[PDB]
Amino acid sequence: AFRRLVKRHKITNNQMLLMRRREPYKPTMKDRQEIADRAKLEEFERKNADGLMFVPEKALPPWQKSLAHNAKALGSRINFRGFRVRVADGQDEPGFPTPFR
Amino acid sequence: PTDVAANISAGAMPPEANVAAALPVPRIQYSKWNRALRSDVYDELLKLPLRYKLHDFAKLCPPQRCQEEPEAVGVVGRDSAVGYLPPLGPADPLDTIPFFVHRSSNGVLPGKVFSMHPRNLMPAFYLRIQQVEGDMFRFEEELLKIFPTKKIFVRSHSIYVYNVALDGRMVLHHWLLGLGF
Amino acid sequence: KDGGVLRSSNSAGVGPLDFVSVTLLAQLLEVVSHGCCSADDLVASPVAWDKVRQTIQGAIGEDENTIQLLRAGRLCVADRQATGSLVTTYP
Amino acid sequence: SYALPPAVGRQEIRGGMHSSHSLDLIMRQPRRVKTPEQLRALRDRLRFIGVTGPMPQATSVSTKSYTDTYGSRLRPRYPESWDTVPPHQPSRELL
Amino acid sequence: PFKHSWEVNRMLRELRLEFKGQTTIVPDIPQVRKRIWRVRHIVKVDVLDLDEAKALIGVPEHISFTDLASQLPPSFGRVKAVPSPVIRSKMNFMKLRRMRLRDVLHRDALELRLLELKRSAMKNXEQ
Amino acid sequence: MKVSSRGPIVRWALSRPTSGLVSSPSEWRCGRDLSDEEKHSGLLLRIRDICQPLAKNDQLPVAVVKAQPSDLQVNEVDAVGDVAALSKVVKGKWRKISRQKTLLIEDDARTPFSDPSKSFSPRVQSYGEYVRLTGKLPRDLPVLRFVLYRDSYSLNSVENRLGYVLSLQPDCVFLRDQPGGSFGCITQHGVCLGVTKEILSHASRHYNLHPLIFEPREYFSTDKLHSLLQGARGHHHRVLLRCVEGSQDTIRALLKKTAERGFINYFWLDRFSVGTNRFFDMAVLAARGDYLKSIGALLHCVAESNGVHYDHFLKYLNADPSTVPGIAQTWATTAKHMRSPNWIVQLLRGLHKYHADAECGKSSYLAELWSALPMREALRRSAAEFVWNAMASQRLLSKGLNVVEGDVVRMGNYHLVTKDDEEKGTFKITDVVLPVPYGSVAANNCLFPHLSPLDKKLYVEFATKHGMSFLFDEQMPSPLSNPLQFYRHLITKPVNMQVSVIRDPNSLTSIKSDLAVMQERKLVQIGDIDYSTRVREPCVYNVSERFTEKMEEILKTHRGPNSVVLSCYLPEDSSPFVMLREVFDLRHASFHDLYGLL
Amino acid sequence: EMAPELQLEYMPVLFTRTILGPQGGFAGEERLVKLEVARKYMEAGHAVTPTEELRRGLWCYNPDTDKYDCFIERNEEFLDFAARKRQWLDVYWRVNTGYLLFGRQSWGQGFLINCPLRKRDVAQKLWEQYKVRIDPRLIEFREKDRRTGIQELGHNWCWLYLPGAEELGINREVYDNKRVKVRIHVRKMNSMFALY
Amino acid sequence: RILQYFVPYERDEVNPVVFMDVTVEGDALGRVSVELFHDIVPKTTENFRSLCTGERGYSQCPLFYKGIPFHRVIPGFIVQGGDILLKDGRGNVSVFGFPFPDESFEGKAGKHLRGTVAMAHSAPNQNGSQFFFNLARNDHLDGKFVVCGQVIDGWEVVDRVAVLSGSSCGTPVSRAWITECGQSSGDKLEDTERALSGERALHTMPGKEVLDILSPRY
Amino acid sequence: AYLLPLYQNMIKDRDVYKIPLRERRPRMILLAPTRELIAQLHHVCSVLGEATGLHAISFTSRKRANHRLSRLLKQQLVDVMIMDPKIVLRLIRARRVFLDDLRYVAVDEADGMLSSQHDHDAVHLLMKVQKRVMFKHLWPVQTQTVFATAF
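Chains as they are written, first to last, in the numbering used here: chain A, 2 to 102; chain B, 233 to 413; chain C, 70 to 160; chain D, 100 to 194; chain E, -8 to 118; chain F, 136 to 733; chain G, 31 to 226; chain H, 3 to 220; chain I, 135 to 285.
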């Protein structure tokens, strides 16, 4: 009873008077809520089926890309391999071997 | 259309392609100030069936030759970094194009991408072309053949194409340049 | 201490010893027992290890490390005899 | 089976005529096509018209199909009345 | 059907029944058998074998039904149950777009053939 | 003018697998058979075919191989006799250079910044900077010896890894080839020049699903280099066949028969290639001088191996003449972005320049591009091995198994058999050895069995027919990494064969890897199967969910009631798949490693 | 012929004393029993490890002497008879152990049901939730329900007559070898499960 | 009897080649290869090649010929296939998103010879995805249907398909679908002409067998 | 109550399924808020673990804790780890342990561990073991989680 002015639909058949619910085939509120929850969980599991892939500095969210870039721009001036800057914010450890890893 | 991440997970590609699976290939982006022509989309346009013949990409691209010339002059076609060239015209001389597309003051093409209800910062965008002259409906039909699934309206002043982004504006500019405007 | 762990955290059953080291230890135990217990029989039967521990004369059997070594060798030879019925060897 | 009537394997207010009398008459009468030989001898002569693709014409060269004769966007004018209705909008008839 | 729960209403919707007094025709596949077993108390079902249907409808016996289904057009009213009325509307819009494109492509192919004939005639008149 | 290949461009992988099923063609979804590929590669006849022609029409029982990276384990032994085994793993040995950086942020919100008693808290922005630890390199011992454990990594991929992680030149590292393809758990030896243990431990890869581990053993001088660079004399093999047909007794009898009567020694398909274009095809194209078709076949093989290269090669083939240079540039840029091998990206840049610049678009420039490739010697060696396989098959078809006068036998040097050695000496088919043509050096030094019409005349005739005349005309050098042997036996017998057949309709049996048995704190033992340790009883937790989904189709197709574990020790270049081919119908579930060039 | 991974959870077990239940059997029966219940049986003393001598012959519990003095030789006819007796006892135990559930419509909150039940419906629900196939002729209602069948709402009980009693000799351990009492609870349910 | 099939044209090299695999009731017959006329029918050639290779994901249906059956096979006249939208022969969908019309009835694209493939259409100016292989010289189709190309090899495959799954009515008695489909590079036919000399040399020399068994690719 | 079946579930994995135990991959992880509760659980895990033969490692914050934590993981094999979620999260990020073959998680006083009083350290760990179940390239592990709460 959240909406207190019910919609009046055009009456094409006389049984539309006897019917109360607009979409009978549609599941009820709580049922469709838990259905959508289960569907979102299944989609998230399908997405996380493979291991957590690690992304480079450019393919990072804006609140981390510039920080990760400025933390290493000092070492980027001198071209030498084997230079890592252990920054705090970033992709957390999955805790298991990953094909992308 | 290859899923690099899925291929790496399944073991079909080397694990060094994670940067390719995450970030797209770096390419000079097409802009209103830097006409970075894309050979792939131009080839797709050439393969698509259209009534009007388009120029070759070799003529659309500005010439890139030796730069040993001591002093530069005012040739219509000269070396330019942003890839600016005057309109080449029609591909086949024995034809009549029903429409004519004027450029702007800065030589930019008419394609401008706006947003529906931009006060709410709505991601839904649309394209407006308000420099077409001649038979606007022939241009509209060519836009129909280009974008089959999009909604294209036409008026006396502007042609609107709904649900197309800069990714479609660049295709429109490519087709216009290939036609010769 | 380089490789292989004999002692177990439970200590009720020590870890199985390496096979090549078990063979070498069987040869050494034969040399100790003066041939009274052949290395072939020691690698064949598990109770041969208990017999060797009994015949060790106590010169080395008093060492807890040696006792643990013999127990690990006995467990390894027991596993070997148990799996021999399943594995098939072609010369 | 082919030769036997279709209403021989039926599992089943008696002594009267039901609404399906005209149908059970045909179900009780024997079948017409009694062999796959006759079945295929009728099938190979059976032909479609609206089938998408070419059709054999090596039978007679002088005959031309109505599609080839009057194009595809054109249909004969039909007598439109309460008794018989023709299909409308042949352009909308497709997909 | 609207008097019952949403699950039986979903099953009847799959069976293509919306109101009281509607009659539909369905195959004898296990899916339809399961649906009718679930809604067996709200609908009454009659069985017709293939020969009984060939007798009920004036179709000869030397004509199967696969050929009839392949011959009937796919443009029938409400051909496919799309997952959204937006999808339905854009499908109808794409159908109208395909009609318009058919017409304009006919016109443009005519123009192309005329242009090629003009080019060939001009080349021949030159040579 | 674009590069023109010859053959179908069959993509082996899907655009998005999203499941264990990785093979795109339905015929290969149930397990690809390599019978036609091996027939076109040159190996046709089998011991059962030569012994009894009535057995050729009979079909051997089917068996699935290369199901998971653990069903195939190879361990190389050196010329001295030491088997490559894992002892201890080493970390990266990093070292801190810069202290961590902290920023002071306000600790409370109710008090303003104006209060002098304002409290702050430090929060770290970066924990610090770290660099590799590079120990001192001795002058008297510059040569470093190590052991390498790779899981489903090609030698080219390992060399690229070493190159991009240590800036190592391709000539400073020496790594021998192992039979059986790169897929599986391969343990081998390796020798490097001017590399310290601490910096070599960085090239390892522990946290990946497919581990790549280096382990330095000891240092040596440059005089021991020729002794260390000798060819391996043995490879302990552990092979798990998934879906075999028949009973335990039948399988044991078949394996006993084949291990007692030996198996024909063949250069397996991993040497040349898998697919349409092959190494000897590219080699004969280069020898003819059609660099266009040579580069075409090379890009064809690369596109069959990889997916993105496949899409870009299709775009290149279907492009418009005025659009070819732009698409070539796009391909080169995408390769550089994807981190393709340096030779691949250089070849793509060269092709872009060839298609763009008119004065640079010449067959001479294409020849320069092809000469810039580092694997043409590998292509020529594969052509030589193809010729050897063809000649060995011809010998076995002509003279059968029994030794005849006029052949070469290894007496120890090599010797030509006579009637006296036939009757009294009685040299065996195992001792019968045929030479392989490796350049004019081998063509002049090796002793060729006359056995007319199976002489050097027939050798040169077959080489000229297949276009391999360069093998006998031009000299063929020997790579320092792989010693170029000139003599190879025909029939080979494993010294120790161990078989264990387990009934498993669902095929959930697995074998523990060397890294797994080491992480179990148990020392790695080579030479036999530790049935109590290595093989695992069939249960639901032995195989991964992706693996069981991938194997569902193969199982539904083959219906294999038994799975067989096999342990053997083969000589220098004998591969287990050539053994198992003569006794089973092998179906390879994984066949991407055999493509090569990556 | 079971899969190895499935058989890993089971173990071959020979039954000494006849036990009723989905994981039970008759005296002198070899069966693949789950680990937990098989260990429980072997700890209680009702089961033995299937050795070859035990497969030949077994000792069993005697109800009269309360001791394992009954030596039995496993033969084909003995196995058949004991399997049939186990089937009879399992049917009796299933029908005498728990409730039967019926759900129907009844307009209003009355005490009688809209549509009374019958032997066909009773046998249907028996086969449904008990997995027992019987013919409706064996179901005999009460004296008051002989007219219209089960009509009240709530709890009722019917008689089910089992013919095969004296042939197998069950009259000792069973309460009544002639018939059994099926307790049936009838309720109002939602539309989809009421169906009437 | 069996009649030898000859290539109807000169086997140009600039034109793309498409390969397809056909199976009938589980038995895969072989591989067919078709050279598409790119110089005369560019748009339709590109459409056919794209549908065969699977570059585009989906417009209304999977734009890929894998698993697509031959809905209409007339023995001796036509081996028609396609209809990726319905797999029945009722829909026509192209890569372009709309049925494209014919562009040129030229000499190389107008004559329907024996091993000549063409593009089937429901309307004269609506070329969908359905194609059909000719089986004989069809002189009454010249000027109606557009020719995409011609078959190079594997003609025995399509001939066996027509003789095993063909009825004079058009309905296939047995299902025959495509197994795999893609784009192949151009291969020459002159290498197969040396088979006569190879068989002659085989009949000549009995001592060397692998020489005549193995044939070089190039 | 939650230690009897979990220990039994580890015996069935060690005897029936014969799951191998590796170095840095434990089986069950216990979470306790306070130090003294860790020593309380470790004492019960010592009596129970002495019979079944399963080893339990419990570590509290001591002087030079980084060196001692590295030794306990290198010297002896452990399958029952009794530590705080903060320390466990510190080892996973330091690559000292792994979530592989982790079959059981038992959270004690989950009413306080999951709340913001302990800064959701128990929550951040449960989200890493839940994504472990979603991982399919490794062997299927159904990590059941048991929460012991007084409120």
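C-beta atoms are modelled at their ideal positions from N, C-alpha and C, and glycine is treated no differently.
Starting from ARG156(I), find everything on chain F with Cβ-Cβ shorter than 9 Å and list it in chain order.
Within chain F, the residues near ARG156(I) are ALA651, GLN654, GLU655, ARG656.
Is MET113(E) helix, strand or coil when you go by DSSP?
Looking at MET113(E) - three-state DSSP - the assignment turns out to be helix.
At the level of alpha carbons, what is the spacing between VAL678(F) and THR411(F)?
Distance between the alpha carbons of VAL678(F) and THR411(F): 33 Å.
At the 7 Å Cβ level, is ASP109(C) part of the contact set with chain F, yes or no?
No - not a single Cβ of chain F is within 7 Å of the one on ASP109(C).
Given this structure, state the Cα-to-Cα distance separating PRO155(D) from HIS(-5)(E), to the nearest angstrom.
Going by the C-alpha atoms only, they are around 57 Å apart.
Return no unless some Cβ of chain H is closer than 7 Å to the Cβ of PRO256(B).
Taking Cβ atoms only, chain H never reaches closer than 7 Å to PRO256(B), which makes this a no.
Quick test of your reading: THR46(G) and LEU88(G), contact by CB under 8 Å. State the CB separation rounded to the nearest angstrom.
The Cβ separation is near 7 Å, so the contact holds.
Going by C-alpha distance, which of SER154(F), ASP425(F), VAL544(F), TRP147(F) is nearest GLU684(F)?
Closest by alpha carbon: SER154(F).
Going by C-alpha to C-alpha distance, which of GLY366(B), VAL393(B), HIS389(B) sits closest to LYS382(B)?
Closest by alpha carbon: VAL393(B).
Apart from the five residues just before and just after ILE33(E), which ones in its own chain have a Cβ nearer than 8 Å to its Cβ?
Only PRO(-8), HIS(-5), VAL(-1), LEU3 meet the Cβ criterion.
For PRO295(B), count the other beta carbons within 10 Å of its own beta carbon; 16 or more makes it buried, fewer makes it exposed. Which is it?
Exposed, because fewer than 16 other Cβ atoms sit within 10 Å of the Cβ of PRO295(B).
Whole angstroms are fine: how far does the CA of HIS487(F) sit from the CA of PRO247(B)?
For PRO247(B) and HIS487(F), the distance between alpha carbons rounds to 26 Å.
Taking 7 Å as the threshold (beta carbon to beta carbon), is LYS45(H) in contact with chain B?
So, interface residue.
Less than 6 Å between C-beta atoms, sequence neighbours within five positions excluded: which residues of the same chain meet that for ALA102(D)?
The answer, listed in chain order, is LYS133.
Using a Cβ cut-off of 8 Å, which residues of the segment 71 to 103 of chain H contact any Cβ in chain D, in chain order?
Here the close residues are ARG74, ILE76, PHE79, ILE80, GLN82, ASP85, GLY91, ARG92, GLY93, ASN94.
Closest Cβ-Cβ distance between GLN16(A) and chain E: below 7 Å?
Yes, because at least one Cβ of chain E sits closer than 7 Å to the Cβ of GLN16(A).
Rounded to whole angstroms, what is the Cα-Cα separation between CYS105(C) and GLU106(G)?
Rounded to whole angstroms, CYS105(C) to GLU106(G) spans 55 Å at the Cα level.
CB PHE331(B) to CB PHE371(B), shorter than 7 Å?
Yes, the Cβ-Cβ distance between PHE331(B) and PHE371(B) is below 7 Å.
Shortest alpha-carbon distance to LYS66(A) belongs to which of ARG9(A), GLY91(A), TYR26(A)?
Closest option to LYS66(A), Cα to Cα, is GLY91(A).
Under the three-state reduction of DSSP, which class applies to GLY83(A): helix, strand or coil?
Reduced to three states, the DSSP call for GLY83(A) is coil.
Answer with buried or exposed for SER77(A), where buried requires no fewer than 16 other C-beta atoms within 10 angstroms of its C-beta.
Exposed, by the Cβ-count rule.
Output, in chain order, the set of chain G residues within a Cβ distance shorter than 8 Å of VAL(-1)(E).
Those are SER221, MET222, listed as they occur along chain G.
Check the DSSP bridge columns for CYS703(F) and list the partner residues they point to.
Per DSSP, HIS372(F).
Could you pull the start and end residues of the alpha helix (DSSP H) that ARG280(F) belongs to?
Per DSSP, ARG280(F) belongs to no alpha helix (DSSP H); it is in the beta strand (DSSP E), 278 to 286.
Going by CA-CA distance only, name the one from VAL148(H), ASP90(H), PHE102(H) that's closest to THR118(H).
Taking only the C-alpha atoms, the option nearest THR118(H) is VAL148(H).
To the nearest angstrom, how far is the alpha carbon of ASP665(F) from that of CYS54(H)?
Approximately 51 Å, taken between the alpha carbons.
In three-state DSSP terms, what is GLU192(H)?
Coil at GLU192(H), not helix or strand.
Determine, for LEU130(G), whether the minimum Cβ-Cβ distance to residues of chain E falls below 7 Å.
So, not an interface residue.
Could you work out which residue in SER256(F), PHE415(F), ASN697(F) is closest to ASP243(F) when comparing CA atoms only?
Minimum Cα distance to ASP243(F) is reached at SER256(F).
Is the segment 131 to 140 of chain C in contact with the segment 639 to 651 of chain F, if contact means three or more CB pairs nearer than 8 Å?
As far as the Cβ criterion goes, the segment 131 to 140 of chain C does not touch the segment 639 to 651 of chain F, which means the pair count is below three.
Determine whether the Cβ of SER533(F) lies closer than 7 Å to any Cβ atom of chain C.
Answer no: the Cβ-Cβ gap between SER533(F) and chain C never drops below 7 Å.
Report the start-end ranges of each alpha helix (DSSP H) in the segment 9 to 42 of chain A that is 4 residues or longer and not cut off at the edges.
Segments of the alpha helix (DSSP H) lying fully in the segment 9 to 42 of chain A: 16 to 19.
Is the separation between the beta-carbon of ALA214(F) and that of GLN323(F) shorter than 7 Å?
Not closer than 7 Å, so no.
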